[PDB]
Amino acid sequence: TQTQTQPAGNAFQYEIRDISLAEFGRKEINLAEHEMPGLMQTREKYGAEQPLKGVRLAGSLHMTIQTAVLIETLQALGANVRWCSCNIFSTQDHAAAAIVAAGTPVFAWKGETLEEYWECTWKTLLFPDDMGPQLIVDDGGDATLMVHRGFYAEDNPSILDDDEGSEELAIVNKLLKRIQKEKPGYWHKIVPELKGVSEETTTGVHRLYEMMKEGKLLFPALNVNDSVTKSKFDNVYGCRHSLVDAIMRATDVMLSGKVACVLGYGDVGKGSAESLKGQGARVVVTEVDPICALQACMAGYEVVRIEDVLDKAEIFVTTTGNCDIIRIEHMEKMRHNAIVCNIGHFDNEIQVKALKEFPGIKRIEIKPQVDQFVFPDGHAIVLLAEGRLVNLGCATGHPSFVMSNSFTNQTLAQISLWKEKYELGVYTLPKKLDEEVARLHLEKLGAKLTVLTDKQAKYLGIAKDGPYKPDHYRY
């Protein structure tokens, strides 16, 4: 994909698809602001204080219209922002253009190659005068991964020669090796000034705990995914909206009456099942966790192993955050034109590589991000977004109103990481702030909260203004 970079001598750097989309992007941002009252009210509340004044802030998170409102909230609070997407297909090019037109470095376009993706991550982290970010907003942990690998590779450069059998890790290694030649010691220079990362998603938080357990985490992390107002809203209701949206845009297939296999029944699987059930699909669920499996049964879904429904299901959606959920031997047995997609993580929930390399397979692009793979025996499957996040790759991701929850959490997390003294570890926002995120969205919905009386507050032993629930409450 041919891109536009900043003119020579421009005040700031960028790389996007098309700056002429800016006016359209700005119109949709204006509409989205009205749909994001929590984010806009937080922008107003902290505006005078300027809590992020001058902070070098790098974000690696889907460059959508919703993220544009987050970027401009962080800027309204004083931050000096650079941004890239965290997925090669998730950028909305009009959002990127509108943000560049406002003067902000963005390195993101829809349809990046993997090489381009990591080059964009580097451009985002590299601030002028060979500086780095003082705070990072991350979704999936790729920016955090690059910082850590760059730092540890400066101590032991041989790790840049072990790709672990991963073509993508080879890309990262080659980039880091080039940076060692161009900017020796860069990562050791910038890590002491990087005061924290706020991480958006379940897989990114898992990566943070891998690092913290090995004693390798280099700076504090705020787990935004596990705010109640994120995990229980974005992951559930966001996917309820955006999964079926993407399937409809990509394929225009009727869901009603079809068997749809949802693999996983965590937060994303729960919302995904509801997304399809609302259209009259008969949803069947796979799970490894017996509690989640029992929840699916109590919702009226049949709990199956994938092999049990290869002759029945015509839609498969992976939601696990795990590897090798839909294997090549499964796809060999699927019904003709069965739709195969992933809403969980990266691209390894489906064995996309083994599918592409299957002997004698023929690939036909129906349209961008919709690929029919025809097997020699004559049956085909339809893969969406090359097995990457389908809601963002084939539609527009979650709608603004729910992203206002997630991004109010991100804003408060950035403020907290900057103002508070966190030790090395992974933290969550206090429950009273989590409650505030929800509270800010009630007025637009016409929802009126009841206020505890003095007698009731004493009876329950809680304050009228919260927090209302014990620390361990599950909602």
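Residue numbers here begin at 1 and follow the sequence given.
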Stretch with the greater mean C-alpha B-factor as recorded in the entry, comparing 45-53 against 426-434: 45-53
Of 166-174 and 101-109, the stretch whose C-alpha atoms average the higher B-factor in the entry: 166-174
From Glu287, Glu365, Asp139, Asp93, residue of greatest CA B-factor: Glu365
Highest recorded Cα temperature factor - choice among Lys353, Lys230, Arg82, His148: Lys353
Among modelled residues of the same chain, the CA temperature factor third for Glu420: highest
B-factor third for the C-alpha atom of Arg282 within its chain: lowest
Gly59, C-alpha B-factor rank within chain (lowest, middle or highest third): lowest
Among modelled residues of the same chain, the CA temperature factor third for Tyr209: highest
CA B-factor placement of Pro184, once the chain's modelled residues are sorted into thirds: highest
